[PDB]
Structure formats: C-alpha cells, structure tokens
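Data file: entry15.txt. Format and content: compact mmCIF, C-alpha atoms.
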# COMPACT_ATOMS: atom_id res chain seq x y z
CA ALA X 1 155.67 132.72 84.21
CA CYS X 2 155.66 129.65 81.96
CA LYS X 3 159.13 129.94 80.44
CA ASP X 4 160.55 126.70 79.05
CA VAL X 5 162.25 125.07 82.03
CA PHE X 6 163.85 122.07 80.34
CA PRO X 7 166.88 122.61 78.06
CA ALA X 8 166.37 123.59 74.42
CA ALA X 9 168.05 120.28 73.57
CA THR X 10 165.34 118.36 75.41
CA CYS X 11 162.54 120.57 74.10
CA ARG X 12 163.77 120.71 70.51
CA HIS X 13 163.42 116.93 70.29
CA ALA X 14 159.70 117.07 71.05
CA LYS X 15 158.58 119.14 68.07
CA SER X 16 161.12 117.23 65.98
CA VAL X 17 158.89 114.16 66.36
CA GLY X 18 155.74 116.00 67.39
CA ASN X 19 156.01 114.94 71.02
CA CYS X 20 153.98 117.97 72.12
CA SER X 21 151.29 115.46 73.09
CA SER X 22 153.50 114.40 76.00
CA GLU X 23 153.86 116.40 79.21
CA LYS X 24 157.62 116.44 79.77
CA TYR X 25 157.68 119.28 77.25
CA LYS X 26 154.16 120.64 77.76
CA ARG X 27 153.91 121.49 81.46
CA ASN X 28 157.41 122.97 81.79
CA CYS X 29 158.17 123.63 78.12
CA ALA X 30 154.82 125.26 77.35
CA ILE X 31 156.76 127.79 75.28
CA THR X 32 157.96 124.96 73.04
CA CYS X 33 154.64 123.09 73.01
CA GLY X 34 152.10 125.89 72.69
CA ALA X 35 149.77 125.46 75.66
CA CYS X 36 150.59 128.55 77.72
Transcribe the structure of this file into structure tokens.
Amino acid sequence: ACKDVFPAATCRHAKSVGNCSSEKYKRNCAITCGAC
C-alpha cells in the first residue's frame, strides 16, 4: 500500500505551496502528491 504516512498537517502544507515536487510528501505521501 502507498497510504499517506506523514500527518495530514505535514502533507496539507505541500499542496498549499505546491511542494509536490519534493519527496518528503511524495514517497510516503503519494496519496497527497499524486504519484502512486
């Protein structure tokens, strides 16, 4: 499974500023990024 590991508070920030490019919220938070 690729369920968002990090907390919604740490994943919500990403999109907020389009940080999807990063990995902190792309490898574990694939559900928030949109890779998996």
Polymer residues at most 12 Å from residue 7 in chain X, all atoms listed in the file, same-chain spacing of 6 or more positions, as a ChimeraX atom specification:
/X:13-14,24-25,28-29,31-32
Take CA of residue 12 in chain X and CA of residue 36 in chain X and report the distance between them in Å, one decimal.
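Atom-to-atom, CA of residue 12 in chain X to CA of residue 36 in chain X, that is 16.9 Å.
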Computed interatomic separation between CA of residue 26 in chain X and CA of residue 9 in chain X (Å):
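That distance, rounded to one decimal, is 14.5 Å.
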Which value, in Å to one decimal, gives the distance between CA of residue 19 in chain X and CA of residue 6 in chain X?
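We find that CA of residue 19 in chain X and CA of residue 6 in chain X lie 14.1 Å from each other.
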Calculated over only C-alpha atoms, which of the candidates X:18, X:10, X:23, X:5 has the smallest distance to residue 35 in chain X?
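With only C-alpha atoms as the atom set, the closest residue is X:23.
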Given 8 Å on each side, where is the centre and what are the edge lengths in Å to one decimal of the axis-aligned box enclosing the listed atoms of range 1-4 of chain X, as lines of an AutoDock Vina configuration file?
center_x = 158.1
center_y = 129.7
center_z = 81.6
size_x = 20.9
size_y = 22.0
size_z = 21.2
Please, can range 7-33 of chain X be completed to N, CA and C atoms and returned as a compact mmCIF listing (two decimals), in the coordinates of the input?
# COMPACT_ATOMS: atom_id res chain seq x y z
N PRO X 7 165.90 122.09 79.02
CA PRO X 7 166.88 122.61 78.06
C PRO X 7 166.37 122.56 76.63
N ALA X 8 166.79 123.52 75.82
CA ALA X 8 166.37 123.59 74.42
C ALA X 8 166.66 122.27 73.70
N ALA X 9 167.68 121.56 74.16
CA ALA X 9 168.05 120.28 73.57
C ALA X 9 167.01 119.21 73.86
N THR X 10 166.37 119.32 75.02
CA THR X 10 165.34 118.36 75.41
C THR X 10 163.97 118.76 74.88
N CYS X 11 163.80 120.05 74.62
CA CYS X 11 162.54 120.57 74.10
C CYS X 11 162.51 120.52 72.58
N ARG X 12 163.67 120.73 71.96
CA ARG X 12 163.77 120.71 70.51
C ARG X 12 163.39 119.34 69.95
N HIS X 13 163.73 118.30 70.70
CA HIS X 13 163.42 116.93 70.29
C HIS X 13 161.92 116.74 70.11
N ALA X 14 161.15 117.19 71.10
CA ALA X 14 159.70 117.07 71.05
C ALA X 14 159.16 117.40 69.67
N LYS X 15 159.08 118.69 69.36
CA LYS X 15 158.58 119.14 68.07
C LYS X 15 159.15 118.29 66.94
N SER X 16 160.45 118.03 67.00
CA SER X 16 161.12 117.23 65.98
C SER X 16 160.26 116.03 65.59
N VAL X 17 159.73 115.33 66.59
CA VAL X 17 158.89 114.16 66.36
C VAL X 17 157.47 114.40 66.86
N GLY X 18 157.07 115.66 66.92
CA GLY X 18 155.74 116.00 67.39
C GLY X 18 155.39 115.32 68.70
N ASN X 19 156.23 115.53 69.71
CA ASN X 19 156.01 114.94 71.02
C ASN X 19 155.24 115.89 71.94
N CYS X 20 154.73 116.97 71.36
CA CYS X 20 153.98 117.97 72.12
C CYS X 20 152.87 117.30 72.92
N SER X 21 152.36 116.19 72.42
CA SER X 21 151.29 115.46 73.09
C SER X 21 151.70 115.08 74.51
N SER X 22 152.98 114.78 74.69
CA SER X 22 153.50 114.40 76.00
C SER X 22 153.32 115.53 77.00
N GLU X 23 153.95 115.39 78.17
CA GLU X 23 153.86 116.40 79.21
C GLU X 23 155.24 116.93 79.58
N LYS X 24 156.25 116.06 79.46
CA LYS X 24 157.62 116.44 79.77
C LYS X 24 157.98 117.78 79.14
N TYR X 25 157.42 118.04 77.96
CA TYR X 25 157.68 119.28 77.25
C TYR X 25 156.38 120.03 76.96
N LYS X 26 155.45 119.97 77.91
CA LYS X 26 154.16 120.64 77.76
C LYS X 26 153.80 121.40 79.03
N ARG X 27 154.20 120.86 80.18
CA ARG X 27 153.91 121.49 81.46
C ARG X 27 155.02 122.47 81.84
N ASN X 28 156.26 122.12 81.48
CA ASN X 28 157.41 122.97 81.79
C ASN X 28 157.90 123.69 80.54
N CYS X 29 157.74 123.05 79.39
CA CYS X 29 158.17 123.63 78.12
C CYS X 29 156.97 124.12 77.31
N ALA X 30 156.02 124.74 78.00
CA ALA X 30 154.82 125.26 77.35
C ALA X 30 155.18 126.18 76.19
N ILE X 31 156.31 126.88 76.32
CA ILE X 31 156.76 127.79 75.28
C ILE X 31 157.13 127.03 74.01
N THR X 32 157.57 125.79 74.17
CA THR X 32 157.96 124.96 73.04
C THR X 32 156.77 124.18 72.50
N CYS X 33 155.83 123.84 73.39
CA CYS X 33 154.64 123.09 73.01
C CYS X 33 153.60 124.01 72.38
